[PDB]
Amino acid sequence: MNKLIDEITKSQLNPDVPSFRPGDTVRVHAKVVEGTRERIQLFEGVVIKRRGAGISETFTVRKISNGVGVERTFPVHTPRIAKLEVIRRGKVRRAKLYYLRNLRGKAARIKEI
Amino acid sequence: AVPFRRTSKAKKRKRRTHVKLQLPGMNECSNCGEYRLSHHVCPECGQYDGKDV
Amino acid sequence: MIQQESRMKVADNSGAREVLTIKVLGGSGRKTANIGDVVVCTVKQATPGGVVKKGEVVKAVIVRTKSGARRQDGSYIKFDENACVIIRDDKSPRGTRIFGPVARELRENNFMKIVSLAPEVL
Amino acid sequence: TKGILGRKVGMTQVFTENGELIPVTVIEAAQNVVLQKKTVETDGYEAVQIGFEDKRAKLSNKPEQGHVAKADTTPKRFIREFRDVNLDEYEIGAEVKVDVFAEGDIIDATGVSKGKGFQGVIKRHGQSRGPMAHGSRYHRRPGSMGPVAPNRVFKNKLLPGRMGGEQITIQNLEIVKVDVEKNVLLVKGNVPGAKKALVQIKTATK
Amino acid sequence: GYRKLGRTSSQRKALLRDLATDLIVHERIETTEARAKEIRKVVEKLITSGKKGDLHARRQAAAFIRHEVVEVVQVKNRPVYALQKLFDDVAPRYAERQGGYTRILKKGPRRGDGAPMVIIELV
RNA sequence: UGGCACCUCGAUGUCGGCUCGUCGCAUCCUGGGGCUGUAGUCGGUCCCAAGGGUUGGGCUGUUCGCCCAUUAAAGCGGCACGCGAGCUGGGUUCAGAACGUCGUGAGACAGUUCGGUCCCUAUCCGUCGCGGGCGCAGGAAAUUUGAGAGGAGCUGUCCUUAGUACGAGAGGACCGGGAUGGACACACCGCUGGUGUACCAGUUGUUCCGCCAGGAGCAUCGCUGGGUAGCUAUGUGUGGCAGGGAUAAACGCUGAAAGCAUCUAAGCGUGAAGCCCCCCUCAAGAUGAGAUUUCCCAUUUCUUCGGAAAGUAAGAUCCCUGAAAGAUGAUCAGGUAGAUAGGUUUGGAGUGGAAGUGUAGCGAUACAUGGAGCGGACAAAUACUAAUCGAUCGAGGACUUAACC
Ligand SMILES: [Mg+2]
Ligand SMILES: [Mg+2]
Ligand SMILES: [Mg+2]
Ligand SMILES: [Mg+2]
Ligand SMILES: [Mg+2]
Ligand SMILES: [Mg+2]
Ligand SMILES: [Mg+2]
Ligand SMILES: [Mg+2]
Ligand SMILES: [Mg+2]
Ligand SMILES: [Mg+2]
Ligand SMILES: [Mg+2]
Ligand SMILES: [Mg+2]
Ligand SMILES: [Mg+2]
Ligand SMILES: [Mg+2]
Ligand SMILES: [Mg+2]
Ligand SMILES: [Mg+2]
Ligand SMILES: [Mg+2]
Ligand SMILES: [Mg+2]
Ligand SMILES: [Mg+2]
Ligand SMILES: [Mg+2]
Ligand SMILES: [Mg+2]
Ligand SMILES: [Mg+2]
Ligand SMILES: [Mg+2]
Ligand SMILES: [Mg+2]
Ligand SMILES: [Mg+2]
Ligand SMILES: [Mg+2]
Ligand SMILES: [Mg+2]
Ligand SMILES: [Mg+2]
Ligand SMILES: [Mg+2]
Ligand SMILES: [Zn+2]
């Protein structure tokens with residue numbers, strides 16, 4: 001917490017991000033660099049965690065791809081995310097959802113509000 | 001772990017140069033006019049800052 | 001973070017099915033390898049009838065780890081297991097097809113054949 | 001060659017034009033004033049003397065406010081000297097702003113490290129432990145003090161003592177952004193010291 | 001941070017609850033210097049609950065005050081407890097003062113072990 | 001490996017490993033050269049050079065050795081075969097037991113095998129940190145010079161020059177430029193993680209708050225899921241960059257002794273990761289006690305003279321509130337000329353939807369009021385509580401000469 005750092009790192013905050021909680025499915029349109037081309041890759045999964053304050057805030061998205069679980073961590077205010085969607089909202093009782101790492105299908109399902 | 005030689009009188013007196021204890025920081029009371037410690041309640045007239053406690 | 005005596009399963013079509021690490025190439029005192037690093041290793045469990053036999057000393061590359069890599073953009077990737085692909089003297093796989101997701105960092109290490117065969121390059 | 005004095009405010013991060021993310025250190029460098037100029041004909045060496053923060057007239061003393069009165073300024077809290085500096089500039093009583101630097105400049109950061117108290121050998125000097133099992137009774141001890149022949153132990157035998165609180169220079173640090181209105185300098189990376197510590201920013205010597 | 005008083009986290013929790021209740025009941029006690037610099041924070045944070053007057057505030061302060069009788073009145077001789085006095089007697093006194101409901105006065109060393117003793121009083 | 005028996009039997013602990021190193025050069029790698037039966041890439045041999053570096057495992061108590069896989073390389077030796085008042089105790093060299101062999105026997109081997117008590121509160125020097133005193137011809141507050149000393153010093157791969165030089169081909173450069181790593185070192189906590197016993201939540205048993213509801217004690221913090229400040233690596237930033245002077249081996253110019261020849265006698269030029277500098281840190285007790293800027297001034301009593309004491313000036317301290325500091329001193333932030341600490345009011349990270357009431361359900365329970373309630377150490381305001389009042393220490397500046405006086 002510091003008032004001077006808050007004012008300096010304010011023009012870089014992203015005003016386009018929506019409101020999401022840990023426990024709901026999101027789709028991330030991330031800009032990906034090839035050898036020479038720029039394309040957008042889609043990452044869809046459930047939000048596992050969300051920590052930080054201000055420009056230093058990050059969040060984590062988990063999906064199971066080809067039978068192997070993958071987790072991807074992003075800064076909230078990065079310009080490398082074209083846009084972010086909230087597909088569905090789930091009911092959870094935790095702020096950190098680490099129990100889904102030791103937990104496979106039909107038992108890792110999240111309810112809906 | 002055991003003294004090789006006994007300590008002389010001079011060497012035993014030099015070491016005790018710093019084993020003294022300092023003089024108390026006492027002060028004259030404003031009300032009853034006798035000695036007391038600074039920032040402390042006077043033990044005789046039972047007053048601090050000019051008000052009885 | 002893979003060092004000597006670390007086991008990691010094989011993720012391609014060759015005969016090997018589990019592998020134990022022998023040495024991490026790159027330097028005299030090097031003691032840790034991560035995504036995109038080549039290691040010397042031995043076969044501890046093989047599927048019957050495969051090309052690669054048990055007890056064989058082979059080289060291999062690391063395609064995914066439980067503690068993944070960080071990109072220059074400030075983002076992170078982690079997987080749920082440590083995986084492995086057996087390679088030849090050059091950077092070509094000894095198998096026919098790859099299983100599971102594969103990190104993007106191999107595209108920066110000139111492992112172009114393994115990238116093409118992967119179902120997903122995350 | 002330029003130079004200012006500042007206070008370590010904190011650490012944060014910024015996004016560059018490529019989208020890359022870097023860590024930076026915030027330094028506030030207001031109220032810099034030139035106090036004295038030292039020359040060869042009077043001292044034998046050339047330097048410029050700078051004062052960083054003014055303080056209340058109660059905290060100052062009689063000798064101090066007669067020295068800053070030559071430059072027509074309020075008594076200052078931190079005073080340091082800069083060498084290898086062109087004396088043609090730096091008129092007495094002038095204000096030193098953060099605009100002397102610019103984006104992309106390479107600097108050096110001098111400060112006093114954070115304080116660690118009485119510390120042992122494997123934290124202070126990064127030595128190894130002994131076995132924690134197999135019947136051993138040697139865990140966090142210094143080691144052998146030397147051979148038998150000298151009948152003594154040599155100098156520079158590293159042992160426990162007071163660890164921190166010493167001056168450190170970190171070289172070749174980049175400048176990411178300069179904010180003249182807020183008197184703030186953004187330096188990419190780390191600088192020695194705790195919060196509110198004095199930092200001496202000088203151009204790179206190499 | 002906060003200071004450990006030569007006792008574990010369970011003894012320390014109990015020590016602060018006995019000393020904070022004694023200052024409410026008696027309003028003037030003898031303790032040591034370090035032991036009084038600590039109950040200076042747990043007592044003023046307790047008057048603030050009494051200045052709210054809520055049921056939520058009363059239930060929160062009831063988890064700290066010990067259950068002991070300050071004195072017995074015949075309203076029908078019914079006892080009066082420390083929680084009642086805190087919310088009905090002590091708290092209304094400081095309805096205008098913002099902070100600093102206590103003061104400390106130094107006395108001198110104690111004969112038995114040389115400990116520095118002080119007065120902490122609730123005004 | 002031995003010879004002698006000079007110190008030690010009123011006790012000089014004996015192999016291997018661990019922690020910590022330091023020195024020699026008869027150089028393992030890197031640096032510079034001469035010769036080659038040196039085409040190129042590789043090599044052999046010798047000369048200069050000790051600046052840095054010199055791996056992880058299998059078997060064995062093992063040093064040694066062989067093997068597996070790497071590396072630029074996996075050097076040889078000294079220091080009581082360095083190091084047990086620093087560690088271990090696998091081997092050796094105590095009492096038990098068994099095998100083979102020897103002995104009539106009790107027993108033995110310098111054969112094997114299983115098990116087998118490693119004591120000590122540091123006096124002096126020595127080493128690593130931290131204070132007090134006096135000194136530095138007046139008393140003070142800051143900023144500094146650097147005599148001297150310590151640290152650092154390592155190196156791989158890829159691209160280009162160039163498929164050029166070389167070579168019949170196969171193969172394949174020197175010199176130069178750029179990028180990026182291994183090991184190591186310093187600093188820091190914004191990021192990824194760890195911890196986080198006065199933060200938040202779920203839950204079992206039993207006792208208590210008279211009962212329900214709501215809570216408290218004990219059970220490893222009772223257990224479980226998270227986590228603030230601080231401290232941290234495996235995390236992040238940076239470093240060994242580019243150079244100068246004199247040289248070693250070596251290669252040369254001019255040049256006689258000795259009409260030629262000759263790198264030598266006189267005189268000149270190149271020439272190493274090495275020396276002295278450049279880079280980082282300490283440093284005027286450097287008794288050789290240095291320098292600059294600023295502040296206070298020339299009091300009063302006594303002495304026979306050297307001189308003394310007693311109020312002070314500038315300044316500092318005793319005492320008190322503390323942390324960015326700390327074993328204690330010390331350092332630093334402050335003492336009403338006040339935001340130093342606590343409290344209070346707004347926030348923040350963190351946790352996750354409080355109590356009360358109401359609705360739905362037979363009930364466990366769910367929903368609403370409501371991102372609610374709580375919230376150590378984090379931020380800003382506020383003088384409300386405590387830094388009250390006081391006391392102590394601390395100058396008046398010797399003599400000679402020299403430019404002006
Ligand atoms: Mg959050
Ligand atoms: Mg132990
Ligand atoms: Mg307990
Ligand atoms: Mg001999
Ligand atoms: Mg004889
Ligand atoms: Mg004897
Ligand atoms: Mg002996
Ligand atoms: Mg003896
Ligand atoms: Mg022996
Ligand atoms: Mg030699
Ligand atoms: Mg050669
Ligand atoms: Mg030995
Ligand atoms: Mg010894
Ligand atoms: Mg026997
Ligand atoms: Mg017989
Ligand atoms: Mg055994
Ligand atoms: Mg001892
Ligand atoms: Mg961190
Ligand atoms: Mg109940
Ligand atoms: Mg309980
Ligand atoms: Mg009980
Ligand atoms: Mg816990
Ligand atoms: Mg926990
Ligand atoms: Mg160099
Ligand atoms: Mg030269
Ligand atoms: Mg001086
Ligand atoms: Mg603070
Ligand atoms: Mg002070
Ligand atoms: Mg305050
Ligand atoms: Zn009195």
# chains A, B, ... in the order shown; residues from 1 in each chain; ligands from 1
call {"tool": "interface_residues", "arguments": {"of": "chain C", "to": "chain A", "cutoff": "9 Å", "atoms": "only C-alpha atoms", "output": "ChimeraX atom specification"}}
result
/C:73-81,99-101,107-108,119-120,122
call {"tool": "residues_near_ligand", "arguments": {"ligand": "ligand 6", "cutoff": "12 Å", "atoms": "only C-alpha atoms (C1' of nucleotides) and all ligand atoms", "output": "count of residues only"}}
result
5
call {"tool": "interface_residues", "arguments": {"of": "chain D", "to": "chain C", "cutoff": "9 Å", "atoms": "only C-alpha atoms", "output": "list in words"}}
result
residues 15, 18, 19, 20, 21 and 22 of chain D
call {"tool": "write_last_selection", "arguments": {"atoms": "N, CA, C and O atoms", "output": "tab-separated table (two decimals), in the first residue's frame"}}
result
chain	number	residue	atom	x	y	z
D	15	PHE	N	4.29	-1.91	-17.95
D	15	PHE	CA	4.22	-2.58	-19.23
D	15	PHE	C	4.88	-1.71	-20.30
D	15	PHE	O	4.54	-0.53	-20.44
D	18	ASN	N	6.19	-3.16	-26.18
D	18	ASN	CA	6.06	-4.50	-26.73
D	18	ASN	C	5.03	-5.34	-26.00
D	18	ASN	O	4.70	-6.44	-26.46
D	19	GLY	N	4.50	-4.86	-24.87
D	19	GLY	CA	3.71	-5.68	-23.99
D	19	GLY	C	4.51	-6.40	-22.93
D	19	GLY	O	3.92	-7.10	-22.09
D	20	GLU	N	5.84	-6.26	-22.95
D	20	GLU	CA	6.69	-6.89	-21.95
D	20	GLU	C	6.45	-6.28	-20.58
D	20	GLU	O	6.07	-5.11	-20.45
D	21	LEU	N	6.68	-7.08	-19.54
D	21	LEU	CA	6.46	-6.67	-18.16
D	21	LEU	C	7.80	-6.67	-17.43
D	21	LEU	O	8.52	-7.68	-17.45
D	22	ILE	N	8.14	-5.55	-16.80
D	22	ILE	CA	9.42	-5.40	-16.13
D	22	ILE	C	9.22	-4.87	-14.71
D	22	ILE	O	8.25	-4.15	-14.45
call {"tool": "residues_near_ligand", "arguments": {"ligand": "ligand 19", "cutoff": "12 Å", "atoms": "only C-alpha atoms (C1' of nucleotides) and all ligand atoms", "output": "VMD selection string"}}
result
chain F and resid 208 to 209 211 to 215
call {"tool": "residues_near_ligand", "arguments": {"ligand": "ligand 2", "cutoff": "8 Å", "atoms": "only C-alpha atoms (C1' of nucleotides) and all ligand atoms", "output": "number ranges by chain"}}
result
D: 132-133, 135-139
call {"tool": "atom_distance", "arguments": {"atom1": "CA of residue 144 (chain D)", "atom2": "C1' of residue 120 (chain F)"}}
result
19.2 Å
call {"tool": "atom_distance", "arguments": {"atom1": "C1' of residue 116 (chain F)", "atom2": "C1' of residue 96 (chain F)"}}
result
9.4 Å
call {"tool": "residues_near_ligand", "arguments": {"ligand": "ligand 22", "cutoff": "12 Å", "atoms": "only C-alpha atoms (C1' of nucleotides) and all ligand atoms", "output": "list in words"}}
result
residues 195, 196, 197, 199, 200, 201, 220, 221, 222, 223, 224, 225, 226 and 227 of chain F
call {"tool": "interface_residues", "arguments": {"of": "chain B", "to": "chain F", "cutoff": "7 Å", "atoms": "only C-alpha atoms (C1' of nucleotides)", "output": "ChimeraX atom specification"}}
result
/B:1-5,25,27,38-39,49
call {"tool": "residues_around", "arguments": {"residues": "region 76-90 of chain D", "least_positions_apart": "2", "cutoff": "8 Å", "atoms": "only C-alpha atoms (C1' of nucleotides)", "output": "PDB file with N, CA, C and O atoms (P, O5', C5', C4', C3', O3' and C1' of nucleotides), in the first residue's frame"}}
result
ATOM      1  N   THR D   1      28.246  13.561 -17.308  1.00  0.00           N
ATOM      2  CA  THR D   1      28.060  12.968 -15.989  1.00  0.00           C
ATOM      3  C   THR D   1      27.140  13.811 -15.113  1.00  0.00           C
ATOM      4  O   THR D   1      27.422  14.979 -14.845  1.00  0.00           O
ATOM      5  N   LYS D   2      26.039  13.210 -14.670  1.00  0.00           N
ATOM      6  CA  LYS D   2      25.066  13.863 -13.808  1.00  0.00           C
ATOM      7  C   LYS D   2      24.908  13.066 -12.518  1.00  0.00           C
ATOM      8  O   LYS D   2      25.499  11.998 -12.342  1.00  0.00           O
ATOM      9  N   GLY D   3      24.101  13.602 -11.605  1.00  0.00           N
ATOM     10  CA  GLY D   3      23.861  12.937 -10.340  1.00  0.00           C
ATOM     11  C   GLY D   3      22.845  13.630  -9.456  1.00  0.00           C
ATOM     12  O   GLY D   3      22.839  14.858  -9.347  1.00  0.00           O
ATOM     13  N   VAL D  34      22.372  22.745  -5.004  1.00  0.00           N
ATOM     14  CA  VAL D  34      23.830  22.782  -5.000  1.00  0.00           C
ATOM     15  C   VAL D  34      24.300  23.688  -3.870  1.00  0.00           C
ATOM     16  O   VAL D  34      23.867  24.840  -3.760  1.00  0.00           O
ATOM     17  N   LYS D  37      31.078  24.188  -4.180  1.00  0.00           N
ATOM     18  CA  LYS D  37      31.925  23.698  -5.258  1.00  0.00           C
ATOM     19  C   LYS D  37      33.359  23.623  -4.757  1.00  0.00           C
ATOM     20  O   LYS D  37      33.856  24.572  -4.142  1.00  0.00           O
ATOM     21  N   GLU D  46      38.282  18.062  -7.395  1.00  0.00           N
ATOM     22  CA  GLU D  46      37.098  18.745  -7.896  1.00  0.00           C
ATOM     23  C   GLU D  46      35.852  17.931  -7.570  1.00  0.00           C
ATOM     24  O   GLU D  46      35.812  16.724  -7.825  1.00  0.00           O
ATOM     25  N   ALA D  47      34.843  18.594  -7.004  1.00  0.00           N
ATOM     26  CA  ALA D  47      33.603  17.932  -6.618  1.00  0.00           C
ATOM     27  C   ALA D  47      32.492  18.969  -6.505  1.00  0.00           C
ATOM     28  O   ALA D  47      32.743  20.175  -6.442  1.00  0.00           O
ATOM     29  N   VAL D  48      31.254  18.476  -6.482  1.00  0.00           N
ATOM     30  CA  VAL D  48      30.064  19.291  -6.264  1.00  0.00           C
ATOM     31  C   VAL D  48      29.308  18.709  -5.077  1.00  0.00           C
ATOM     32  O   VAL D  48      29.198  17.486  -4.944  1.00  0.00           O
ATOM     33  N   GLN D  49      28.796  19.581  -4.214  1.00  0.00           N
ATOM     34  CA  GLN D  49      28.152  19.170  -2.971  1.00  0.00           C
ATOM     35  C   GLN D  49      26.657  19.458  -3.055  1.00  0.00           C
ATOM     36  O   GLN D  49      26.255  20.569  -3.417  1.00  0.00           O
ATOM     37  N   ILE D  50      25.837  18.457  -2.725  1.00  0.00           N
ATOM     38  CA  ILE D  50      24.392  18.503  -2.936  1.00  0.00           C
ATOM     39  C   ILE D  50      23.674  18.211  -1.622  1.00  0.00           C
ATOM     40  O   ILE D  50      24.094  17.337  -0.857  1.00  0.00           O
ATOM     41  N   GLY D  51      22.588  18.935  -1.369  1.00  0.00           N
ATOM     42  CA  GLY D  51      21.713  18.664  -0.233  1.00  0.00           C
ATOM     43  C   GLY D  51      20.330  18.266  -0.713  1.00  0.00           C
ATOM     44  O   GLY D  51      19.801  18.861  -1.653  1.00  0.00           O
ATOM     45  N   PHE D  52      19.740  17.263  -0.055  1.00  0.00           N
ATOM     46  CA  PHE D  52      18.567  16.583  -0.602  1.00  0.00           C
ATOM     47  C   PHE D  52      17.250  17.048   0.018  1.00  0.00           C
ATOM     48  O   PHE D  52      16.375  17.542  -0.697  1.00  0.00           O
ATOM     49  N   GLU D  53      17.076  16.892   1.330  1.00  0.00           N
ATOM     50  CA  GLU D  53      15.830  17.264   1.994  1.00  0.00           C
ATOM     51  C   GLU D  53      16.072  18.362   3.015  1.00  0.00           C
ATOM     52  O   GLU D  53      16.965  18.243   3.859  1.00  0.00           O
ATOM     53  N   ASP D  54      15.250  19.403   2.961  1.00  0.00           N
ATOM     54  CA  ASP D  54      15.242  20.401   4.017  1.00  0.00           C
ATOM     55  C   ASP D  54      14.522  19.869   5.253  1.00  0.00           C
ATOM     56  O   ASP D  54      13.668  18.981   5.170  1.00  0.00           O
ATOM     57  N   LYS D  55      14.898  20.404   6.413  1.00  0.00           N
ATOM     58  CA  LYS D  55      14.353  19.958   7.686  1.00  0.00           C
ATOM     59  C   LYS D  55      14.011  21.172   8.538  1.00  0.00           C
ATOM     60  O   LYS D  55      14.418  22.299   8.245  1.00  0.00           O
ATOM     61  N   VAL D  68      24.618  26.555   4.863  1.00  0.00           N
ATOM     62  CA  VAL D  68      23.614  26.635   3.805  1.00  0.00           C
ATOM     63  C   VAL D  68      23.187  28.063   3.517  1.00  0.00           C
ATOM     64  O   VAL D  68      22.558  28.313   2.481  1.00  0.00           O
ATOM     65  N   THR D  74      17.263  26.657   2.844  1.00  0.00           N
ATOM     66  CA  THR D  74      16.929  26.048   4.122  1.00  0.00           C
ATOM     67  C   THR D  74      17.906  24.909   4.426  1.00  0.00           C
ATOM     68  O   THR D  74      18.381  24.234   3.509  1.00  0.00           O
ATOM     69  N   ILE D  92      26.061  27.847  -7.842  1.00  0.00           N
ATOM     70  CA  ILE D  92      25.742  27.702  -6.426  1.00  0.00           C
ATOM     71  C   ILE D  92      24.316  28.172  -6.171  1.00  0.00           C
ATOM     72  O   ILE D  92      23.904  29.243  -6.636  1.00  0.00           O
ATOM     73  N   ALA D  94      21.598  26.573  -7.213  1.00  0.00           N
ATOM     74  CA  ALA D  94      20.682  26.106  -8.240  1.00  0.00           C
ATOM     75  C   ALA D  94      19.927  24.866  -7.770  1.00  0.00           C
ATOM     76  O   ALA D  94      20.288  24.219  -6.784  1.00  0.00           O
TER      77      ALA D  94
ATOM     78  P     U F 143      28.445  14.081   6.687  1.00  0.00           P
ATOM     79  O5'   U F 143      29.278  14.722   5.493  1.00  0.00           O
ATOM     80  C5'   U F 143      28.652  15.557   4.531  1.00  0.00           C
ATOM     81  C4'   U F 143      29.666  16.169   3.602  1.00  0.00           C
ATOM     82  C3'   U F 143      30.688  15.209   3.022  1.00  0.00           C
ATOM     83  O3'   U F 143      30.193  14.476   1.915  1.00  0.00           O
ATOM     84  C1'   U F 143      31.790  17.134   3.828  1.00  0.00           C
TER      85        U F 143
END
call {"tool": "interface_residues", "arguments": {"of": "chain A", "to": "chain F", "cutoff": "7 Å", "atoms": "only C-alpha atoms (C1' of nucleotides)", "output": "list in words"}}
result
residues 1, 2, 56, 94, 95 and 96 of chain A
call {"tool": "residues_near_ligand", "arguments": {"ligand": "ligand 14", "cutoff": "12 Å", "atoms": "only C-alpha atoms (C1' of nucleotides) and all ligand atoms", "output": "ChimeraX atom specification"}}
result
/F:94-98,107-108
call {"tool": "write_last_selection", "arguments": {"atoms": "C-alpha atoms (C1' of nucleotides)", "output": "PDB file, in the first residue's frame"}}
result
ATOM      1  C1'   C F  94      39.525 -54.476  24.771  1.00  0.00           C
ATOM      2  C1'   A F  95      36.191 -58.073  27.356  1.00  0.00           C
ATOM      3  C1'   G F  96      31.249 -62.571  24.090  1.00  0.00           C
ATOM      4  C1'   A F  97      30.673 -66.172  20.198  1.00  0.00           C
ATOM      5  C1'   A F  98      31.781 -69.388  15.668  1.00  0.00           C
ATOM      6  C1'   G F 107      45.256 -71.120  23.957  1.00  0.00           C
ATOM      7  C1'   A F 108      46.991 -68.806  19.286  1.00  0.00           C
TER       8        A F 108
END
